[PDB]
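Next comes structure.cif, with mmCIF, C-alpha atoms and all ligand atoms.
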data_model
#
loop_
_atom_site.label_atom_id
_atom_site.label_comp_id
_atom_site.auth_asym_id
_atom_site.auth_seq_id
_atom_site.Cartn_x
_atom_site.Cartn_y
_atom_site.Cartn_z
CA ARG A 1 -40.27 93.68 -20.92
CA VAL A 2 -41.39 90.81 -18.69
CA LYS A 3 -39.37 88.45 -20.92
CA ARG A 4 -36.18 90.45 -20.42
CA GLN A 5 -36.95 91.08 -16.74
CA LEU A 6 -37.33 87.36 -16.04
CA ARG A 7 -34.40 86.48 -18.41
CA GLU A 8 -33.01 82.94 -17.88
CA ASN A 9 -34.79 82.59 -14.51
CA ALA A 10 -38.11 81.85 -16.26
CA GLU A 11 -38.15 80.00 -19.58
CA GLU A 12 -41.66 80.57 -20.90
CA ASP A 13 -43.80 77.75 -22.29
CA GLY A 14 -45.92 80.36 -24.04
CA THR A 15 -49.52 79.36 -23.23
CA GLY A 16 -50.20 82.86 -21.87
CA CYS A 17 -48.18 82.45 -18.67
CA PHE A 18 -44.52 82.31 -17.63
CA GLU A 19 -43.06 79.36 -15.71
CA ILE A 20 -40.83 80.55 -12.86
CA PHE A 21 -38.01 78.10 -12.17
CA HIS A 22 -37.22 79.65 -8.78
CA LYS A 23 -39.45 80.75 -5.89
CA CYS A 24 -41.54 83.89 -6.48
CA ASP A 25 -43.96 84.78 -3.68
CA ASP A 26 -46.59 87.53 -3.43
CA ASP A 27 -43.88 90.15 -2.88
CA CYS A 28 -42.06 88.91 -5.99
CA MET A 29 -45.36 89.11 -7.92
CA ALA A 30 -45.60 92.73 -6.74
CA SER A 31 -41.95 93.42 -7.66
CA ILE A 32 -42.48 92.17 -11.21
CA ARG A 33 -45.77 94.12 -11.28
CA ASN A 34 -44.12 97.47 -10.51
CA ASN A 35 -41.08 96.54 -12.75
CA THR A 36 -38.49 96.71 -9.95
CA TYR A 37 -37.64 93.00 -10.11
CA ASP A 38 -33.97 92.02 -10.09
CA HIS A 39 -33.13 88.39 -10.86
CA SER A 40 -29.61 88.60 -9.36
CA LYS A 41 -30.87 87.05 -6.11
CA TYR A 42 -32.54 84.06 -7.81
CA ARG A 43 -30.39 83.48 -10.93
CA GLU A 44 -28.40 80.65 -9.35
CA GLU A 45 -31.59 79.32 -7.75
CA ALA A 46 -33.31 79.10 -11.14
CA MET A 47 -30.30 78.08 -13.26
CA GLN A 48 -29.97 74.51 -11.96
CA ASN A 49 -33.73 73.83 -11.94
CA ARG B 1 -45.93 79.96 -32.56
CA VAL B 2 -42.86 78.02 -33.69
CA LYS B 3 -40.80 79.80 -30.99
CA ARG B 4 -42.85 78.61 -28.04
CA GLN B 5 -43.65 75.29 -29.69
CA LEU B 6 -39.96 74.41 -29.99
CA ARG B 7 -38.73 76.30 -26.86
CA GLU B 8 -35.04 75.92 -25.87
CA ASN B 9 -34.91 72.46 -27.50
CA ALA B 10 -34.56 74.08 -30.93
CA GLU B 11 -32.20 77.06 -31.01
CA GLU B 12 -31.92 79.69 -33.74
CA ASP B 13 -28.89 80.15 -35.99
CA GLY B 14 -30.07 83.05 -38.15
CA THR B 15 -31.67 81.67 -41.30
CA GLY B 16 -35.10 80.59 -40.09
CA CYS B 17 -33.96 76.99 -39.71
CA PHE B 18 -34.22 75.62 -36.17
CA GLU B 19 -31.40 73.59 -34.60
CA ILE B 20 -33.44 71.00 -32.74
CA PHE B 21 -31.21 69.06 -30.37
CA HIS B 22 -33.49 66.02 -30.53
CA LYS B 23 -33.32 63.93 -33.70
CA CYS B 24 -36.61 65.21 -35.15
CA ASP B 25 -38.04 62.38 -37.26
CA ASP B 26 -41.04 62.52 -39.61
CA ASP B 27 -43.54 62.10 -36.76
CA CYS B 28 -41.74 64.90 -34.90
CA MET B 29 -41.94 67.01 -38.08
CA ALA B 30 -45.70 66.45 -38.38
CA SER B 31 -46.18 67.05 -34.63
CA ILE B 32 -44.42 70.42 -34.71
CA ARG B 33 -46.33 71.18 -37.91
CA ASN B 34 -49.85 70.59 -36.53
CA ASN B 35 -49.44 72.16 -33.02
CA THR B 36 -49.16 68.93 -31.04
CA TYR B 37 -45.55 69.08 -29.82
CA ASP B 38 -44.84 69.09 -26.08
CA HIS B 39 -41.54 70.17 -24.52
CA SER B 40 -41.79 67.92 -21.45
CA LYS B 41 -41.13 64.59 -23.19
CA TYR B 42 -38.03 65.76 -25.08
CA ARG B 43 -36.46 68.43 -22.85
CA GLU B 44 -34.45 65.68 -21.13
CA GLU B 45 -32.98 64.60 -24.47
CA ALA B 46 -32.47 68.18 -25.70
CA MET B 47 -31.07 69.59 -22.44
CA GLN B 48 -27.51 68.25 -22.60
CA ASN B 49 -26.84 69.19 -26.24
CA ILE C 1 -48.54 76.27 -53.74
CA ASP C 2 -50.60 77.75 -50.90
CA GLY C 3 -52.07 81.03 -52.21
CA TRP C 4 -51.20 84.66 -51.42
CA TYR C 5 -49.31 83.38 -48.34
CA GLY C 6 -47.49 80.19 -47.54
CA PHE C 7 -45.21 78.10 -45.32
CA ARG C 8 -42.84 76.13 -47.53
CA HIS C 9 -40.88 73.30 -45.96
CA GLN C 10 -37.40 71.81 -46.16
CA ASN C 11 -36.11 69.03 -43.91
CA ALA C 12 -33.02 66.88 -43.44
CA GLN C 13 -34.64 63.44 -43.03
CA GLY C 14 -38.08 64.00 -44.55
CA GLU C 15 -37.35 66.53 -47.31
CA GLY C 16 -40.43 67.92 -49.02
CA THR C 17 -42.73 70.95 -49.07
CA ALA C 18 -45.80 71.30 -46.84
CA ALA C 19 -48.37 74.06 -46.31
CA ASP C 20 -49.68 75.60 -43.08
CA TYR C 21 -53.28 75.98 -44.23
CA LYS C 22 -54.60 77.03 -40.79
CA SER C 23 -53.39 80.63 -40.80
CA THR C 24 -53.04 80.83 -44.59
CA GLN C 25 -56.74 80.31 -45.33
CA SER C 26 -57.68 82.91 -42.70
CA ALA C 27 -55.24 85.32 -44.39
CA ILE C 28 -56.80 84.66 -47.82
CA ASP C 29 -60.26 85.20 -46.32
CA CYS C 30 -59.03 88.53 -44.93
CA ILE C 31 -57.58 89.64 -48.29
CA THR C 32 -60.65 88.52 -50.24
CA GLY C 33 -62.95 90.23 -47.73
CA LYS C 34 -60.92 93.42 -48.21
CA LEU C 35 -61.22 92.91 -51.98
CA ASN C 36 -65.00 92.45 -51.81
CA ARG C 37 -65.23 95.49 -49.53
CA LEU C 38 -63.36 97.87 -51.82
CA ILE C 39 -64.41 96.48 -55.23
CA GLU C 40 -67.98 96.89 -53.91
CA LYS C 41 -69.17 99.84 -56.00
CA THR C 42 -71.40 102.57 -54.59
CA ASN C 43 -75.13 103.00 -55.16
CA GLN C 44 -74.90 106.64 -56.26
CA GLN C 45 -76.50 107.52 -59.59
CA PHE C 46 -74.81 110.28 -61.57
CA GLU C 47 -76.81 112.13 -64.21
CA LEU C 48 -75.98 113.86 -67.49
CA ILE C 49 -75.39 117.46 -66.42
CA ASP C 50 -73.23 118.66 -69.31
CA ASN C 51 -73.98 118.09 -73.00
CA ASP D 1 -44.68 79.58 -9.17
CA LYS D 2 -46.08 81.15 -12.34
CA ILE D 3 -47.16 84.57 -13.61
CA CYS D 4 -49.95 85.30 -16.11
CA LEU D 5 -50.89 88.29 -18.28
CA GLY D 6 -53.64 89.32 -20.66
CA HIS D 7 -56.54 91.70 -21.21
CA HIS D 8 -60.31 91.79 -20.84
CA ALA D 9 -63.51 91.46 -22.89
CA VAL D 10 -67.25 92.12 -22.68
CA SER D 11 -70.27 89.90 -23.21
CA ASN D 12 -71.75 92.14 -25.93
CA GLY D 13 -70.23 94.84 -28.11
CA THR D 14 -70.83 96.14 -31.63
CA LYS D 15 -69.55 95.00 -35.02
CA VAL D 16 -67.54 97.83 -36.58
CA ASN D 17 -66.42 98.61 -40.13
CA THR D 18 -62.69 97.96 -40.47
CA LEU D 19 -60.09 98.22 -43.25
CA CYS D 20 -59.46 94.47 -43.22
CA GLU D 21 -62.73 92.71 -42.32
CA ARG D 22 -66.17 94.30 -42.06
CA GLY D 23 -67.94 93.61 -38.77
CA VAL D 24 -65.25 93.11 -36.13
CA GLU D 25 -66.56 92.63 -32.59
CA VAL D 26 -65.13 95.38 -30.38
CA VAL D 27 -65.23 95.95 -26.64
CA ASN D 28 -66.94 99.36 -26.95
CA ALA D 29 -68.28 101.49 -29.78
CA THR D 30 -69.31 105.13 -30.02
CA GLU D 31 -71.25 106.99 -32.70
CA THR D 32 -69.80 109.19 -35.43
CA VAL D 33 -72.94 109.80 -37.53
CA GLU D 34 -75.63 111.53 -35.50
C1 LIG E 1 -68.53 102.82 -23.86
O1 LIG E 1 -68.67 104.00 -24.68
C2 LIG E 1 -69.80 104.82 -24.34
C3 LIG E 1 -69.85 105.94 -25.35
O2 LIG E 1 -68.63 106.66 -25.38
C4 LIG E 1 -69.67 105.32 -22.91
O3 LIG E 1 -70.82 106.07 -22.56
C5 LIG E 1 -69.51 104.14 -21.95
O4 LIG E 1 -69.27 104.60 -20.63
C6 LIG E 1 -68.36 103.23 -22.39
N1 LIG E 1 -68.28 102.06 -21.53
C7 LIG E 1 -67.13 101.47 -21.21
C8 LIG E 1 -67.23 100.27 -20.31
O5 LIG E 1 -66.05 101.88 -21.63
#
Represent the structure contained in this file as structure tokens.
Amino acid sequence: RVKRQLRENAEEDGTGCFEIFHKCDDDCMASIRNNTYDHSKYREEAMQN
Amino acid sequence: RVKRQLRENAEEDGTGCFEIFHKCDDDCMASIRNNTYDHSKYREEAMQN
Amino acid sequence: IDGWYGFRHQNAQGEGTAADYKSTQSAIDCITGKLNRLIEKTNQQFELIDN
Amino acid sequence: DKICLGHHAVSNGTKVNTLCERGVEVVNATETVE
């Protein structure tokens, strides 16, 4: 679920943590935590990184 | 283990064989065999393919 | 040839078969521990009731 | 910018009979045989 919620915005290295390509603050931590995260705001931010 | 060892550098076609974009030599074969491979050195070579 | 598990190998530059012994030997230890658990016979002693 | 997941553990538990391997360390054990 966190894999498909992050999608292309966070390609995971797989050492137990996900690497976010874009900016994800405390509020974005909380949004992923209560599974309301939408990556439509940060898809173009994280695509070119 | 193979999935997050090889990451986006080696994509999947549907047989179990992995389409590594880098020219994986014998040392690369042994390195991905014995859990030594790192994505950071070869993501630049495997990004454009 | 790796046991009751295995990771056979085929390449394009270095063709040949290898074996991922790291997880395989743990798997064989699990199966043989299961085997020694179940094939372990009880300590109950039946007697000759009927003739 | 990273996010991490997992679970917990305890310092001491109890080894429990299991189908696969006898004596697996668990995080908590109860009693079934009084
Ligand atoms: C562990 O299990 C025992 C017995 O059910 C219980 O009394 C105890 O509160 C449990 N402790 C934890 C941390 O779950």
Problem - Interatomic distance (Å, one decimal) between atom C1 of ligand LIG 1 (chain E) and atom CA of residue 29 of chain D - result: 6.1 Å
Output chain A, superimposed onto chain B using in-order Cα pairs, as a JSON list (two decimals) with C-alpha atoms, in the frame of the given file:
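Written file, superposed.json:
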[["chain", "number", "residue", "atom", "x", "y", "z"],
["A", 1, "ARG", "CA", -45.44, 80.15, -32.16],
["A", 2, "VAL", "CA", -42.80, 77.71, -33.41],
["A", 3, "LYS", "CA", -40.25, 79.54, -31.23],
["A", 4, "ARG", "CA", -42.33, 79.04, -28.09],
["A", 5, "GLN", "CA", -43.33, 75.50, -29.12],
["A", 6, "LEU", "CA", -39.70, 74.45, -29.52],
["A", 7, "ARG", "CA", -38.62, 76.51, -26.43],
["A", 8, "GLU", "CA", -35.17, 75.52, -25.06],
["A", 9, "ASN", "CA", -35.15, 72.26, -27.06],
["A", 10, "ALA", "CA", -34.18, 74.14, -30.25],
["A", 11, "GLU", "CA", -32.00, 77.25, -30.04],
["A", 12, "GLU", "CA", -32.38, 78.86, -33.46],
["A", 13, "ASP", "CA", -29.40, 80.09, -35.48],
["A", 14, "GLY", "CA", -31.79, 82.24, -37.49],
["A", 15, "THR", "CA", -30.82, 81.58, -41.13],
["A", 16, "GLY", "CA", -34.44, 80.64, -41.92],
["A", 17, "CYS", "CA", -34.39, 77.29, -40.13],
["A", 18, "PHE", "CA", -34.41, 75.99, -36.55],
["A", 19, "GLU", "CA", -31.69, 73.68, -35.21],
["A", 20, "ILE", "CA", -33.20, 70.82, -33.19],
["A", 21, "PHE", "CA", -30.88, 69.69, -30.41],
["A", 22, "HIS", "CA", -32.78, 66.43, -29.87],
["A", 23, "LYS", "CA", -34.14, 63.83, -32.30],
["A", 24, "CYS", "CA", -37.18, 64.89, -34.36],
["A", 25, "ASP", "CA", -38.32, 62.37, -36.98],
["A", 26, "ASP", "CA", -41.04, 62.59, -39.64],
["A", 27, "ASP", "CA", -43.74, 62.13, -36.99],
["A", 28, "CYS", "CA", -42.21, 64.96, -34.95],
["A", 29, "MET", "CA", -42.16, 67.12, -38.11],
["A", 30, "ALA", "CA", -45.88, 66.34, -38.46],
["A", 31, "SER", "CA", -46.53, 67.08, -34.76],
["A", 32, "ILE", "CA", -44.91, 70.51, -35.03],
["A", 33, "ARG", "CA", -46.79, 71.01, -38.32],
["A", 34, "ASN", "CA", -50.23, 70.48, -36.75],
["A", 35, "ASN", "CA", -49.11, 72.40, -33.56],
["A", 36, "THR", "CA", -49.61, 69.46, -31.17],
["A", 37, "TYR", "CA", -45.92, 69.17, -30.29],
["A", 38, "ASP", "CA", -45.00, 68.80, -26.62],
["A", 39, "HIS", "CA", -41.32, 69.13, -25.70],
["A", 40, "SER", "CA", -41.73, 67.42, -22.30],
["A", 41, "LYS", "CA", -40.51, 64.12, -23.77],
["A", 42, "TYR", "CA", -37.34, 65.61, -25.30],
["A", 43, "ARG", "CA", -36.47, 68.50, -22.93],
["A", 44, "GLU", "CA", -33.84, 66.50, -21.03],
["A", 45, "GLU", "CA", -32.64, 64.99, -24.32],
["A", 46, "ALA", "CA", -32.05, 68.45, -25.80],
["A", 47, "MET", "CA", -30.86, 70.24, -22.64],
["A", 48, "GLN", "CA", -27.44, 68.55, -22.38],
["A", 49, "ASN", "CA", -26.72, 68.72, -26.12]]
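Residues of chain A having any atom within 8 Å of chain B, counting all atoms listed in the file, are residues 12, 13 and 14 of chain A.
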Applying 7 Å and only C-alpha atoms, which residues near segment 18-24 of chain A remain after dropping the ones on its own chain fewer than 6 positions away? List them as a PDB file with C-alpha atoms, in the coordinates of the input.
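In the end it all went to part-v3.pdb:
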ATOM      1  CA  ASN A   9     -34.790  82.590 -14.510  1.00  0.00           C
ATOM      2  CA  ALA A  10     -38.110  81.850 -16.260  1.00  0.00           C
ATOM      3  CA  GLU A  11     -38.150  80.000 -19.580  1.00  0.00           C
ATOM      4  CA  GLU A  12     -41.660  80.570 -20.900  1.00  0.00           C
ATOM      5  CA  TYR A  42     -32.540  84.060  -7.810  1.00  0.00           C
ATOM      6  CA  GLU A  45     -31.590  79.320  -7.750  1.00  0.00           C
ATOM      7  CA  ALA A  46     -33.310  79.100 -11.140  1.00  0.00           C
ATOM      8  CA  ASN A  49     -33.730  73.830 -11.940  1.00  0.00           C
TER       9      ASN A  49
ATOM     10  CA  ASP D   1     -44.680  79.580  -9.170  1.00  0.00           C
ATOM     11  CA  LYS D   2     -46.080  81.150 -12.340  1.00  0.00           C
ATOM     12  CA  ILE D   3     -47.160  84.570 -13.610  1.00  0.00           C
ATOM     13  CA  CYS D   4     -49.950  85.300 -16.110  1.00  0.00           C
TER      14      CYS D   4
END
Exercise for the section: Within 10 Å of chain C, which residues of chain B are there when counting all atoms listed in the file? Please give them as a PyMOL selection string. Expected result: chain B and resi 17+23-27+29-30+33-34
I'd like the box whose edges run along x, y and z of the file and which contains every listed atom of ligand LIG 1 (chain E), padded by 4 Å per side; could you state its centre and edge lengths in Å, one decimal, as lines of an AutoDock Vina configuration file?
center_x = -68.4
center_y = 103.5
center_z = -22.8
size_x = 12.8
size_y = 14.4
size_z = 13.1
Practice task
Could you tell me, counting only C-alpha atoms and all ligand atoms, which protein and nucleic acid residues lie no more than 10 Å from ligand LIG 1 (chain E), written as a count of residues only?
Solution key: 8
Write out, as CSV, each residue of chain D that has an atom at most 8 Å from chain C, together with the closest pair of atoms and their distance in Å to one decimal, counting all atoms listed in the file, rows going by chain and rising number.
residue,atom,partner,partner_atom,distance
D:19,CA,C:34,CA,7.0
D:20,CA,C:34,CA,5.3
D:21,CA,C:33,CA,6.0
D:22,CA,C:37,CA,7.6
Got a minute to add N, CA, C and O atoms to segment 17-35 of chain A and dump it as a tab-separated table (two decimals), keeping the file's coordinate frame?
chain	number	residue	atom	x	y	z
A	17	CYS	N	-48.76	82.28	-19.99
A	17	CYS	CA	-48.18	82.45	-18.67
A	17	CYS	C	-46.70	82.08	-18.72
A	17	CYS	O	-46.26	81.35	-19.61
A	18	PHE	N	-45.94	82.60	-17.76
A	18	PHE	CA	-44.52	82.31	-17.63
A	18	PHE	C	-44.31	81.31	-16.50
A	18	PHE	O	-44.94	81.41	-15.45
A	19	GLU	N	-43.41	80.35	-16.72
A	19	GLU	CA	-43.06	79.36	-15.71
A	19	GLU	C	-41.81	79.81	-14.97
A	19	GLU	O	-40.72	79.85	-15.55
A	20	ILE	N	-41.96	80.14	-13.69
A	20	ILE	CA	-40.83	80.55	-12.86
A	20	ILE	C	-40.11	79.31	-12.36
A	20	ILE	O	-40.71	78.43	-11.74
A	21	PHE	N	-38.80	79.24	-12.64
A	21	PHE	CA	-38.01	78.10	-12.17
A	21	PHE	C	-37.71	78.20	-10.68
A	21	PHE	O	-37.62	77.18	-9.99
A	22	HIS	N	-37.55	79.42	-10.18
A	22	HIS	CA	-37.22	79.65	-8.78
A	22	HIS	C	-38.49	79.98	-7.99
A	22	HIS	O	-39.61	79.88	-8.50
A	23	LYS	N	-38.32	80.38	-6.73
A	23	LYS	CA	-39.45	80.75	-5.89
A	23	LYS	C	-39.77	82.23	-6.06
A	23	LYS	O	-38.89	83.08	-6.02
A	24	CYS	N	-41.06	82.52	-6.26
A	24	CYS	CA	-41.54	83.89	-6.48
A	24	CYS	C	-42.86	84.02	-5.72
A	24	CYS	O	-43.89	83.51	-6.17
A	25	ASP	N	-42.81	84.69	-4.57
A	25	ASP	CA	-43.96	84.78	-3.68
A	25	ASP	C	-44.83	85.97	-4.09
A	25	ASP	O	-44.74	86.49	-5.20
A	26	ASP	N	-45.72	86.39	-3.18
A	26	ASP	CA	-46.59	87.53	-3.43
A	26	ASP	C	-45.80	88.83	-3.58
A	26	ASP	O	-46.12	89.67	-4.42
A	27	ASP	N	-44.75	88.99	-2.76
A	27	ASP	CA	-43.88	90.15	-2.88
A	27	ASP	C	-43.14	90.15	-4.21
A	27	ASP	O	-42.90	91.22	-4.79
A	28	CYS	N	-42.78	88.97	-4.72
A	28	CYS	CA	-42.06	88.91	-5.99
A	28	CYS	C	-43.02	89.13	-7.17
A	28	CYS	O	-42.63	89.72	-8.18
A	29	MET	N	-44.27	88.66	-7.04
A	29	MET	CA	-45.36	89.11	-7.92
A	29	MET	C	-45.46	90.63	-7.96
A	29	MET	O	-45.53	91.22	-9.04
A	30	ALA	N	-45.47	91.27	-6.79
A	30	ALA	CA	-45.60	92.73	-6.74
A	30	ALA	C	-44.37	93.42	-7.34
A	30	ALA	O	-44.50	94.46	-8.00
A	31	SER	N	-43.18	92.85	-7.13
A	31	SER	CA	-41.95	93.42	-7.66
A	31	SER	C	-41.90	93.34	-9.18
A	31	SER	O	-41.43	94.28	-9.83
A	32	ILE	N	-42.36	92.23	-9.76
A	32	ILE	CA	-42.48	92.17	-11.21
A	32	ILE	C	-43.59	93.10	-11.70
A	32	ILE	O	-43.48	93.71	-12.77
A	33	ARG	N	-44.65	93.26	-10.90
A	33	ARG	CA	-45.77	94.12	-11.28
A	33	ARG	C	-45.37	95.59	-11.39
A	33	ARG	O	-45.78	96.27	-12.33
A	34	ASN	N	-44.59	96.09	-10.43
A	34	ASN	CA	-44.12	97.47	-10.51
A	34	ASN	C	-42.69	97.57	-11.04
A	34	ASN	O	-41.92	98.41	-10.54
A	35	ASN	N	-42.31	96.67	-11.96
A	35	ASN	CA	-41.08	96.54	-12.75
A	35	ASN	C	-39.80	96.94	-12.01
A	35	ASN	O	-38.91	97.58	-12.58
